[PDB]
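The working numbering puts the first residue of the sequence shown at -13, with every later residue one more than the last. No residue lacks a Cβ here, since even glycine has one placed at the ideal position from N, Cα and C.
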Amino acid sequence: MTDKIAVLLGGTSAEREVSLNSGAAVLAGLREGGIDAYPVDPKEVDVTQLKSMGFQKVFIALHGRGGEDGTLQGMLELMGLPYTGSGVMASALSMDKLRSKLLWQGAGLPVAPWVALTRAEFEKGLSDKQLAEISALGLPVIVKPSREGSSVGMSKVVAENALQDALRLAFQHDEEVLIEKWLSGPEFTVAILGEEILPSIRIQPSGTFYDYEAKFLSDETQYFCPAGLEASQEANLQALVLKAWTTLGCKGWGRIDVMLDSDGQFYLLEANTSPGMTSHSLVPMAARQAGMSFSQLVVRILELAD
Ligand SMILES: Nc1ncnc2c1ncn2[C@@H]1O[C@H](COP(=O)(O)OP(=O)(O)O)[C@@H](O)[C@H]1O
Ligand SMILES: C[C@@H](C[P@@](=O)(OP(=O)(O)O)[C@@H](C)N)C(=O)O
Ligand SMILES: [Mg+2]
Ligand SMILES: [Mg+2]
């Protein structure tokens, strides 16, 4: 019987394997909840044919450029297919950490001190005063590609001596890079589903930072849901995250990453518009604590599609 939902997974970004795992999860969750869901991989299928195929809605489970940057949402807007998550502007804006930062800081929101570099400036040689602005950040510092996820392309540099290799790795993934002040932690994440914010999660990695391996591969990562903060701080977290969410213009569902620093204040890291839904993912963890089943959450996200 009529009513086909397309579940977009895989893709070609550096987050492809993670996305196939998020898709597998969502496909079962949706079917368990009575939905006639179909797995569609844009690397295999021409998604520009989604409408000619009979699909009524699209559940986006892609991660990274191509699925979270607004291009895919742009097409679906012209094709007329309701879809999950944020619109074109919010998605394009959330993917770019340098631009989410300008926006956030411009709105008065807490963002860690940073320096942006383009591959060109890097190739030409860092005009030494470049280093003067980077050393003013203090050490250590964190280097990250502007448009990535899953800790791809990042690294920590203790002392200016290590900066070159770090920048060379980051520029392999993007032409625009950020170098930001290293925050002490702990680290937090806060998921949003519609007009509601789920209970906070505090992440605790075994190594240097929450890397690729700590996110999807090791059983050493600890999580605490709720965070364990006093109501006063738990309150401050939601207020911040909600303002971060609305300034960006996001909607549907998402997850914002935050961290504490030595001055006892919260700092925005980034916002993700199409979060992971694998067995190691944070969003499913928060919903569980909020009393929902994996099926319920997924079914709810699709309910929010527009
Ligand atoms: N300024 C920072 N200071 C300390 N750790 C950071 C900082 N920025 C990022 N991290 C760490 O790096 C991880 C990944 O960075 P994030 O900005 O959230 O990008 P991604 O989209 O790859 O997740 C974070 O979860 C955290 O563990
Ligand atoms: C660990 C996290 C990953 P992810 O949602 O977010 P990050 O950008 O922080 O990795 C990612 C897919 N883009 C999760 O699946 O919940
Ligand atoms: Mg991210
Ligand atoms: Mg993150």
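- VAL(-7) sits buried, since 16 or more C-beta atoms from the chains shown fall within 10 Å of its C-beta.
- For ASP151, no beta strand (DSSP E) run applies; the uninterrupted alpha helix (DSSP H) run containing it begins and ends at 149 to 156, by DSSP.
- Cβ neighbours of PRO126 within its own chain (closer than 7 Å, five residues either side excluded): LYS142, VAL143, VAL144 and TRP168.
- Across the set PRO96, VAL44, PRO270 and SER72, the C-alpha of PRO96 shows the shortest separation from the C-alpha of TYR253.
- A residue is called buried when at least 16 other Cβ atoms come within 10 angstroms of its Cβ; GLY73 meets this threshold and is buried.
- Following the DSSP letters along the chain, one finds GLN91 inside the alpha helix (DSSP H) bounded by residues 83 to 92.
- Going down the chain, each residue whose beta-carbon is closer than 6 Å to a heavy atom of ligand 3 shows up: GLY135, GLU256 and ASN258.
- Less than 8 Å separates the beta-carbon of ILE(-9) from that of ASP22.
- By the C-beta criterion, the segment 176 to 185 is judged to be in contact with the segment 238 to 258, since at least 3 inter-stretch pairs fall below 8 Å.
- The residue from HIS159, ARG274, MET81 and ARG133 with its alpha-carbon nearest to that of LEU234 is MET81.
- Rounded to the nearest whole angstrom, the CA to CA distance from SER267 to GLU256 is 16 Å.
- Exposed is the label assigned to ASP114, since fewer than 16 other Cβ atoms lie within 10 Å of its Cβ.
- Looking at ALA276, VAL244 and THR(-2), the one whose alpha-carbon comes closest to that of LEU184 is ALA276.
- Within the segment 182 to 256, the complete alpha helix (DSSP H) segments of 4 residues or longer fall at 198 to 202 and 217 to 234, listed in chain order.
- Taking each of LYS201, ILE287 and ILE189 in turn and checking the Cα distance to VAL244, the smallest one comes out for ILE189.
- Separation of the CB atoms of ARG133 and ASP151 is rounded to 21 Å, and the pair is thereby denied contact status at 8 Å.
- Within the segment 9 to 42, the complete beta strand (DSSP E) runs of at least 3 residues fall at 22 to 26.
- Residues of the same chain with a CB within less than 8 Å of the CB of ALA156, apart from the 5 flanking positions on each side, are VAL129, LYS130, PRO131, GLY139, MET140, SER141 and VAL163 in chain order.
- For the pair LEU(-5) and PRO25, the CB atoms are nearer than the 8 Å cut-off.
- Excluding sequence positions up to five before and after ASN258, its CB lies within less than 8 Å of the CB of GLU54, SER80, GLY135, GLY240, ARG241, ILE242 and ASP243, all in the same chain and listed in chain order.
- DSSP places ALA47 in the coil class of the three-state scheme, outside both helix and strand.
- Rounded to the nearest angstrom, the Cβ distance from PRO99 to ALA291 is 38 Å, too far for a contact under 8 Å.
- Note on geometry: alpha-carbon atoms of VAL101 and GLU107 lie some 13 Å from one another.
- Within the same chain, Cβ atoms closer than 6 Å to the Cβ of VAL285 are found at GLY19, the five residues on either side in sequence being excluded.
- Going by C-alpha positions, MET263 is about 40 Å away from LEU117.
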